[PDB]
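sequence? don't have it. structure:
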């Protein structure tokens, strides 16, 4: 975030000078990763089963 | 060679506001707590039981 200051009233002395300041930003990433499983079974068991 | 507020004398002129001026006012407590007896002379005598 930026910051403001209170300022005097002169041409001569540093209290009269408006301060400078900076806003900044940053980065966040979604990175896709894989989750998986392999489940093997006999084809005879698939044929014999009632479900 | 600047022109200062002091060098613009009375081309700049102060304002006035009454917004802080008004003040509320409080009566006697004993005039509201107790009976206000109307008097027509300096003294009234009240008898009381004493023994």
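All right, it came through fine. Numbering: from 1, shown residues only, chains lettered A, B, ... in the order given.

where do the helices sit along chain B?
Remark: helices assigned in chain B by DSSP state H are B:30-33.

For it, what lies in contact range of chain A?
Applying C-beta under 8 Å from any C-beta of the partner chain, we find that chain B lies next to chain A at B:2, B:4-5. All C-beta atoms are positioned from the backbone trio N, CA, C, and that covers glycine.

one more time with 6 Å
residue B:2 (C-beta under 6 Å from any C-beta of the partner chain).

Quick check, the residue in chain B closest to chain A?
residue B:2 (4.0 Å; C-beta to the nearest C-beta).

and the nearest residue to that residue once chain neighbours are set aside, how far is that from residue B:8?
Of all residues not flanking residue B:2 in the chain, residue A:11 sits nearest, at 4.0 Å (C-beta to C-beta, 6 or more residues apart in numbering or on different chains). Separation of residue A:11 from residue B:8 (C-beta to C-beta, to the nearest Å): 14 Å.

Could you check how far the one residue sitting closest to the centre of chain B is from residue B:8?
Centroid-nearest residue in chain B, with C-alpha atoms, centre = their mean: residue B:25, separated by 4.8 Å. Noted for residue B:25: a distance of 43 Å to residue B:8, by C-beta to C-beta.

for chain A, what spans make up the helices?
Using DSSP H, helices in chain A cover A:43-48.
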